[PDB]
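>>> so I pulled this structure from the PDB, and the sequence comes with it:
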Amino acid sequence: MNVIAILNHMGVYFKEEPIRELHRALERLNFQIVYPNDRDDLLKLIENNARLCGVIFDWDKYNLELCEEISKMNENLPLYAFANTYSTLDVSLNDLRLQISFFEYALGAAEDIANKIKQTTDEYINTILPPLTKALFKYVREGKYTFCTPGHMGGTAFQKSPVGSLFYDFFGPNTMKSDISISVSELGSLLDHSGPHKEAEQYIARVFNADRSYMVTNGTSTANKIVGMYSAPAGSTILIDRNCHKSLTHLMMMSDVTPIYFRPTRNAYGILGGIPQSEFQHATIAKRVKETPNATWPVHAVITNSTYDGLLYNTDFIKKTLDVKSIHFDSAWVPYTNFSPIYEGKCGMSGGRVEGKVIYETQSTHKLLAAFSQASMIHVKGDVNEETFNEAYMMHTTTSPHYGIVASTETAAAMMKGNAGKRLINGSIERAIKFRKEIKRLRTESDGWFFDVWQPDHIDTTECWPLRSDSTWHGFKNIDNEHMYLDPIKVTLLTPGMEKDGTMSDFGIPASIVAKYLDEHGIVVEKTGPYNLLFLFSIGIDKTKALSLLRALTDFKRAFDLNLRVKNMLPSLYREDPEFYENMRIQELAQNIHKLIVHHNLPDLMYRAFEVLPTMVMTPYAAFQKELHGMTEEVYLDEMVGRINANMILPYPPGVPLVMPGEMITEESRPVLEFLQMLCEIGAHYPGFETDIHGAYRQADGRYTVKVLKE
Amino acid sequence: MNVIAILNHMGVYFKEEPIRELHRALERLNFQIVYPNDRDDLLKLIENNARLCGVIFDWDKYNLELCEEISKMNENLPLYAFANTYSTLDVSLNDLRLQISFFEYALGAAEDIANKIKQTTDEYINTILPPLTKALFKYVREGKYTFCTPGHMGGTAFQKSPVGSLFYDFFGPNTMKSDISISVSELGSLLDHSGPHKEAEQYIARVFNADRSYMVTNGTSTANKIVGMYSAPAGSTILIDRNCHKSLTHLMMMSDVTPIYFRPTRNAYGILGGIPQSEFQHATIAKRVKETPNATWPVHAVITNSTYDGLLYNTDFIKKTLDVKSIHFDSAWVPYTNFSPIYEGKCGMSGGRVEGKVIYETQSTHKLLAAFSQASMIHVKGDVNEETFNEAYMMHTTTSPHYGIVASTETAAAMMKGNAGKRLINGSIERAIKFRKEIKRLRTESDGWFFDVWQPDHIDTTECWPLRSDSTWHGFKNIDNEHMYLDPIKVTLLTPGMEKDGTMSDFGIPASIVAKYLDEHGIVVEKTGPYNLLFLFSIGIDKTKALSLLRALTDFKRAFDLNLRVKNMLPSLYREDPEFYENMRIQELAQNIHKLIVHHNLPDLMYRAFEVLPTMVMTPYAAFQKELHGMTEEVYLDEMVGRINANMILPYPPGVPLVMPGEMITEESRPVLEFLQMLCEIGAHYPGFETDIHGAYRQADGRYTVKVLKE
Amino acid sequence: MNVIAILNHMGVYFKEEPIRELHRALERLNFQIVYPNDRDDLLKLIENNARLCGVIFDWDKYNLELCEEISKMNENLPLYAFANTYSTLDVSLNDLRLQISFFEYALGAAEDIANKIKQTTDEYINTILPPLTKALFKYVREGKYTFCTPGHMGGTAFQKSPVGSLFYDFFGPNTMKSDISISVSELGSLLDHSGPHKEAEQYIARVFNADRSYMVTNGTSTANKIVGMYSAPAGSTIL
Ligand SMILES: *Cc1c(COP(=O)(O)O)cnc(C)c1O
Ligand SMILES: *Cc1c(COP(=O)(O)O)cnc(C)c1O
Ligand SMILES: *Cc1c(COP(=O)(O)O)cnc(C)c1O
């Protein structure tokens, strides 16, 4: 932050001479001097260059063309405008947040002007930063408190060991000095909720529109277990979603509760939809209570909004139909549904406090924002006990938190405040919609097959495309209108190979081959398998990272139409088995895999398997108790009908659980077992595409083994 | 790491000319050149300067005086010794780990020598570093895999926001690039325990002498709950220590178990001793099972070794008398009991595998070592199930671990391996023993009172001082011999004010006033209150931080003997209440507080209160169930006899729990209630020394309120 | 105030090399470096030279010949003494007012040492000066309050008149900026006897051994008329 802009050359000498004298004075305090050209030149030095804090221009030249466009980007940006004798303001310059510092054209006084710019720049730094981060940066340059934790104390022990000097010189001197615990008086403690930590929690909830919010320092996987243990006593009933996370499954194994799984919607490509509106009724929930042994009235509900693919729900209908006093929303993929008018009424924070209910959200911080890993939040909207919810937060958070992540956790809430942060959320949406139009433009004009974006036929708008009932792009039968939304920054590329009715075709390329082709250039697909390609277009994807993805997609069509070899296209796959992948081309491998999907019938053995649910004998908490006593055994995959599993089956593809720990496969869940045996055959012929199931151990013959319980 | 040493000036020209030519060649690749004088000069450039990797000296001048002292410090340190024509080795140079690189004195070949030094230096970096850290540093300069988590992607989003540029320019560009998740193929995942993470768990367990060790990324407070949820089913019996931690209390409130509290020893100064040998008997444990309703055979035991003050126990006697198959040792203060011969047989890892038992330890990493915060380990010594214990670890660690802390967790185990790490553990002990002798030297020679170290009269040794039965320095009656140890790096300053029998005196200064006086110069007291001052002498405490503590202690005697004012000595205390602390001196405040301790009788109302235990009605897990249902109420402190509390009482001073959540104060625990009412009176007369109890809330009249359960 | 003294030479290289690295780091923040000779050389750099604030010497060489003579001349004078491994204090160093800052001989950390000396020097300035004078110097560097008396406002009107530029350039920029009236909130007023002016009256009386003392701004000739008009009514008798 040391860029000073000097716009507009008057041509006279009594105005350019003070500029030349100031040029030699600002460089003595480390400041970069730039000279833009016209009005459009200064506008490009703010959106692209974020390290600018000084704009020098003539006030009697552009008093209305610069005070309006700059105010729409940054409000507290200092403006070192130079006025004259006959200078005045304008009536249209009253409702604009600006910081204009006037000066004169006096010779010899250039030294006093340089001291005022440095003092004004320090005021801008001490304003846009939160008080928690301000106390961290001040303690590095001035704090000298000895005998504190940790033992390194800014890297003192690293300067005495030969191996410790390499780890300290990589990050930097200012990196280890900010690693302090609760051994500081002028910073308070995180568990005490006092001092700078008290004002930090009120600053995040005010920007994100909330009443009280904490700072989880162990990722979202930990924040879901703290809230789940607040409104679920031993022996109650919870309403967890079927499309849950690995951490959400362990929550059912740590508390003696009786969960009730929902019935989400799904298509044939593998993209899971959402929970229908009929499941939130009173006659639907109460019907499953009597059918499930040992189950009372549900007091907590876990809703995955959005899912792993990115599909927003309708919170305006759940907060009125679902009769749960503690409704939870797993907002681990949408930490931005507030800073844009196309996201109002789509989350729990949008709106107001529900009478007699409370909304919990675990907005991830390190997922789709800009902060260190292992960072999460707990958004509470309602009237809860402060002395009770505080004890549950200390059950998973240590007494010495890492302030390096805490400073970045609150930073994400400050980077989005104001018009400077709205240009990053709306900017990523405009870059995502532009990428969606570049696919349809290069599809009809191309000569052959081309990738397709899972989007409606009409994308001539900047909002969330609703999933209506008279469309064929989504392919969700019996879908509810005004309930399923689409995330514009969640572009899902649909590779050719299937039709629009859900059947198979004759010519197509699976998404597993494209996933490895993008890895050679440094692109890893977020979700691949059947015929989908999920990508993340958050604030970290600029115009360079977005255009680099389109160029790699055009190279795959050129290499496939010319029929190239595997060695001259996929060097990483050739090193796995050079003998088998010798005389093989890109067209021979793409056609042999497509025939195996039609032969084994993948879309049918996957849709019917995920629809039915195995018979849940006991609660997931009771299954973990038998494992600690040693009553577990390893059986074959073909010999397991009528047994209780011990772990959760997570087959890849897709990425959703199959059998929960504590269920039994009877005659109702017959297609469930057929889905596991089909992946063991298709993933054994060609190397590289082996079967990936988190729970199936590979032996020395080919047959996988599962972990069940003793009879 | 770029320091090259050139020792011994022969005086000739055919040997000094290649040195001058090499001086201009090594500077082109960023290397600092130093020229030591005699033999003692080179020895000071290694212990103090850890960034050295090149030693150039004549082989035919000091072939035995340098190859022996350097080998005792660093083994893999390269030695760029220059040999001659008539050069040979020595018989005494066979059992020494060195790396000697021979060269010649050729003109013009100085460029080829610089390439060999840079290549040898790169081999030294790629050897002393663990494979997990090596893969993290290499991924920064080569790995460019985009479209992955976290969202910042090396700090890309920070370059677009004005406030984000100030946070990216603080830690450094190489800091954000090293923040990656499990979205990397060549680094594996932490939950999968494969790849670099698989070899990292074996490298730590080998140095720390263990079979399997993990890396907890949420501090030690979280790792204690992982072991507690493995050998303690719902309805069993655990043996938790009375001197537990805040996280250990929440473990009893999350699992339906029946804990049995021990009876640790204690004196009058507030320093808690340890568990006697009689509590580990079979007739003592089985007697408390019948007296406690709903209690079976104990299957798990939690032993706090060491405590908060630093007192090692006797693991050689516990592992034979205590009949518990799952014995836990809370080693949250001794992460170094395997690098010195004066610590053998004092921890659970020392020795061998116990037949039919298993030892669990939670060594703290960010306490007395050198690593980032929120880092812990789980040491397992026994025969446990791998597929069962792994599920308990994933119930508290997120799926995307922060590799910045994981790389530093294994670094702490790598910085101590070899003789280079033994000089830091034994070096901190030598600096601690030297500090203990400087107190007794400045006590008799001084003219007046002086601080005293809680140590025996004979400290003329370098080992752990045992607590015998014929000594008066410890003041623990009915103590067991060869069971209580002393940590030399845990110096506890005993301020004058009490006698050696446990009564009170006439002249003394409390430790609370000294605690605030040390904060002015930059010294934070770890534990204070009655008449004790606990400090931490880790590896980070060098000779500068050690000598700075003695100077501040001598300044307190000078300011007190001359009778100075509070405003001219304690500026922080004067700003709290300038009106009351106006006409007050340092002698008037030190004498008024000492009379309040004798009047209210603190040592008697604290020793008898901690001895007796309240009547535990229900288990701590059952007390948390009534809090979620809204059956709590706030009552006065004077009206609570016969009620069940909801929170844990943690009064300061000292720092140990008083009443556990789920206990009742009857007629047996009468002194327990008197201890809470005594602190409310002594901490209300003079500002700054208010009553600090983690459980009692301050109202608007003076009387504190507690949180109990409804009848 | 920017003179740093480095006394004695141990002759070794692991102690003189950190001195050479610190020599190039202290000059970047405007600090003069002097190299005294023997013990009598450092004593002449304190009584004669008053702009000195840093004394660097070996702790294991003159631990009693320097900590006694310097204490007899200045109490809050910082002492940047470098200690070693086998270093300790003396029993005759308990009743002496000194400010000893310990360091090491580590290479590469010369930049961090320069930041500790600059902050220690700033703490020395903010301690020996009274709070009234300290608040006046900070108001000049940090103070953009407009529409206040007097009319010059740090010398603003002097930059417009040709004759006024000769009077403003004679004293200095920091001279006219320190001439402020009671138009400042964080400095209080002299007639109100509150804020910094309240603590200044109690500080002067404590130095000159008194209970209360004011500050007359019109010489002694005016102070004699204030006391005379307090204990001499109309028609009384004075001696
Ligand atoms: C990725 C994810 C998590 C894990 O996020 P972390 O911050 O790494 O713990 C938890 N829940 C959901 C729904 C996720 O998608
Ligand atoms: C300090 C301490 C802890 C907490 O350590 P962290 O690594 O910060 O989690 C836990 N137990 C004991 C006994 C402690 O002293
Ligand atoms: C010199 C003198 C004065 C005048 O002093 P000023 O401070 O200039 O007013 C007054 N009284 C006596 C006795 C003097 O000697």
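On my side now, so go ahead. Numbering: from 1, shown residues only, chains lettered A, B, ... in the order given. Ligands and ions are numbered 1, 2, ... in the order given.
>>> in chain A, what residue lies closest to chain B?
residue A:398 (2.7 Å; CB to the nearest CB). The way it works is simple: take the backbone N, C-alpha and C, and place the C-beta from them, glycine included.
>>> mind listing what the nearest residue to that residue once chain neighbours are set aside touches?
Nearest residue to residue A:398 in three dimensions, chain neighbours excluded: residue B:219, at 2.7 Å (CB to CB, 6 or more residues apart in numbering or on different chains). If a contact means CB atoms under 8 Å, 6 or more residues apart in numbering or on different chains, then residue B:219 has A:398-401, B:364, B:366, B:373-376 as its contacts.
>>> circling back: which SS class is the residue of chain A closest to chain B?
What DSSP: H, G, I helix; E, B strand; the rest coil gives for residue A:398 is coil.
>>> packing partners for the strand or helix carrying residue A:115?
Per DSSP states H and E, residue A:115 falls inside helix A:110-128. With contacts taken as 3 or more CB pairs under 8 Å, 6 or more residues apart in numbering or on different chains; DSSP states H and E, helix A:110-128 sits against helix A:17-26, strand A:52-56, strand A:78-79.
>>> flag every buried residue along whatever helix or strand comes next after that helix.
Note on helix A:110-128: by DSSP H and E, the next helix or strand toward the C-terminus is helix A:131-141. Residues of helix A:131-141 classed as buried by neighbour count (16 or more other CB atoms under 10 Å in any protein chain shown): A:131-133, A:135-137, A:139-140.
>>> before we move on, what about stretch A:633-646?
Buried residues in stretch A:633-646 (16+ other CB under 10 Å): A:640, A:643-646.
>>> ditto for stretch A:46-62
In stretch A:46-62, counting by 16+ other CB under 10 Å, buried: A:46, A:49-59, A:62.
>>> ditto for stretch A:280-295
A:280, A:285, A:288, A:295.
>>> pick the one among these closest to residue A:93.
residue A:280 (51.0 Å; CB to CB).
>>> in a strand, that closest one, correct?
No. Per three-state DSSP, residue A:280 lies outside any strand segment and is coil.
>>> point me to the residue of the stretch 301-450 of chain A nearest chain C.
residue A:404 (19.6 Å).
>>> what angle separates the helix holding residue A:115 from strand A:52-56?
Taking axes from the mean of the first three to the mean of the last three CA atoms, to 10 degrees, one finds that helix A:110-128 is oriented at 140 degrees with respect to strand A:52-56.
>>> residue A:461: which element?
Using DSSP H and E, residue A:461 maps to neither a helix nor a strand.
>>> returning to that earlier point: how many neighbours does the residue of chain A closest to chain B have?
By the criterion of other CB atoms under 10 Å in any protein chain shown, residue A:398 has 29 neighbours.
>>> in three-state terms, label residue A:4 for me.
Residue A:4 - assigned by three-state DSSP - is strand.
>>> for it, name its beta-bridge partners.
residue A:33, residue A:54 (DSSP bridges).
>>> gap between it and ligand 1?
Separation of residue A:4 from ligand 1 (CB to the nearest ligand atom, to the nearest Å) stands at 40 Å.
>>> for the helices and strands packed on helix A:110-128, give me CSV that also has distance to ligand 1.
What follows is the helices and strands packed on helix A:110-128, written out as CSV (distance: least, CB to the nearest ligand atom, whole Å):
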stretch, distance to ligand 1
helix A:17-26, 43
strand A:52-56, 33
strand A:78-79, 37
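>>> TSV for these, including distance to residue A:603?
Shown next, in TSV, are those (distance: least, CB to CB, whole Å):
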stretch	distance to residue A:603
helix A:17-26	66
strand A:52-56	54
strand A:78-79	60
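>>> out of these, deepest packed?
Comparing these by mean neighbour count (mean count of other CB atoms under 10 Å in any protein chain shown), strand A:52-56 ranks first with a mean of 22.
>>> quick check: angle from it to helix A:17-26?
160 degrees.
>>> what's strand A:52-56 packed up against?
Using 3+ CB pairs under 8 Å, 6+ apart, strand A:52-56 sits against strand A:3-6, helix A:39-47, strand A:78-79, helix A:110-128.
>>> please redo it, this time with the cut-off set to 10 Å
strand A:3-6, helix A:17-26, strand A:32-34, helix A:39-47, strand A:78-79, helix A:110-128 (3 or more CB pairs under 10 Å, 6 or more residues apart in numbering or on different chains; DSSP states H and E).
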